[PDB]
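Below: one structure, written as structure tokens.
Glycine also receives a Cβ, built like all others from the backbone with ideal geometry; neighbour counts cover every protein chain displayed. Bear in mind these aren't lab numbers, they're just calculated from the coordinates by the rules spelled out.
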Amino acid sequence: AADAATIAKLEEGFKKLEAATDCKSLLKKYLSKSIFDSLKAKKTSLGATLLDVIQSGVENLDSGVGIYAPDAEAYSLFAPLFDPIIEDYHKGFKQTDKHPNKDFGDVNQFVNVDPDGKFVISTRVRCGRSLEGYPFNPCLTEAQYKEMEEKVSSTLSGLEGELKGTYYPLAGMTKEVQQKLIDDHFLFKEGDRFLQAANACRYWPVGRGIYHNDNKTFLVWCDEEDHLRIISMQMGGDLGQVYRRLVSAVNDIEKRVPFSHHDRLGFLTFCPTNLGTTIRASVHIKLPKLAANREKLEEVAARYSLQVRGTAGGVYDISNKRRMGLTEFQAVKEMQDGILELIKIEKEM
Ligand code: NA
């Protein structure tokens, strides 16, 4: 039951989208007049409206996707918009498909993809989580940011063993502590115009924080883009160690804070293109000879749905694109298999 002022801003926003005949966003592509009319008066029980979904793509016509989720209910209430956009971004995940239940699988199956260290500089696996009961960034209140951060900081400061470490609130953070975290690439800052316009940076830095373990192989960001961004990383190619550490950590956190999960979409986050497993595994990897014939490399990468990015020579950031319609085990295994074949190729050239 959106109020009249919301609906008036929505009608303005739809006409802005309609006027931008060259706009290429998925918002513009899929927000048809009939979907728009169907959804524009709806409101979630936490007060979120279609405006809290689409405003960033209305303000930033040059968005690629142009929608965000303001709370968990929004994915169901505004499914007629989210569903085709998710299908377009994750090809083959249809509006009638169902993301499988969580399955980290047999974690002992994951290996060091580069034992002698000659290829993989470093390995990272991250996931995202929303805490059950809280809205997402566009709708969190200042009080909720504060309360969530107390819950999360207490949870992280209780981690033991390899995961033991230090929580740093962004509120009140000194310049020297900022520099210390920057030097480890652990700091985050306010987001750009796409996130500002999604109302995702309100009350900054309240409720935002950074945790890492003593070994600097585990990093958590609290209320950056999602409630929790949980990262496991280390030098070398032991994706198996990285993954098992991530799984241990996620399970330990879940004991204290339950996560938002959706039967069709998997783990729910603020970004609709990071649902499902929410998992991004990546390596920084030196493939000089395969760089001398990138058409082969893009061919192999494509059949593992790997994104190959340059980040120095033949050094690549290679990560998995898939999130939907596969398990955590399948996603990481597709990554592992992809890197193992790329390395087998490189050595034989
Ligand atoms: Na393949």
Next item on the list: Considering every residue within segment 244-256, establish whether at least one is among the aliphatic types (A, V, I, L, M), farther than 28 Å from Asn215 by Cβ, touching a strand residue (DSSP E or B) at 6+ places or on another chain (Cβ under 9 Å) and more than 16 Å from the ligand (Cβ to nearest atom).
Entry: no
Check: For segment 330-343, which residues satisfy the criterion of being surrounded by fewer than 21 Cβ atoms within 10 Å (Cβ to Cβ) and more than 12 Å from the ligand (Cβ to nearest atom)?
Finding: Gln330, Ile343
Margin query: With the requirement that a residue be in contact with a strand residue (DSSP E or B) (Cβ under 6 Å, 6 or more places away or on another chain) and over 27 Å from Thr327 (Cβ atoms), what does segment 120-151 give you?
Written below: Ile121, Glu149
Checklist line | Of all residues making up segment 3-52, the number that are buried (at least 19 other Cβ atoms within 10 Å of the Cβ) and aliphatic (A, V, I, L, M) | finding: 9
Next item on the list: Looking only at segment 158-184, count how many residues are part of a loop (DSSP other than H, G, I, E, B), under 23 Å from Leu246 (Cα atoms) and touching a strand residue (DSSP E or B) at 6+ places or on another chain (Cβ under 9 Å).
Entry: 3
Notebook entry, point to check: (1) away from the ligand (no atom under 14 Å from the Cβ); (2) buried (at least 20 other Cβ atoms within 10 Å of the Cβ): which one isn't true of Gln307, the others all being true?
Noted result: (2)
Notebook entry, point to check: Consider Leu326 against the criteria (1) within 16 Å of the ligand (Cβ to nearest atom); (2) surrounded by fewer than 21 Cβ atoms within 10 Å (Cβ to Cβ): it satisfies all of them except one. Which criterion is unmet?
Noted result: (2)
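Would you confirm, using the coordinates I've provided, whether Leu290 is within 16 Å of the ligand (Cβ to nearest atom), of a type in the set (A, V, I, L, M, F, W, C) and surrounded by 17 or more Cβ atoms within 10 Å (Cβ to Cβ)?
yes
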Margin query: Quick check on this structure: which one of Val206, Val220 is in a loop (DSSP other than H, G, I, E, B) and β-branched (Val, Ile, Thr)?
Written below: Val206
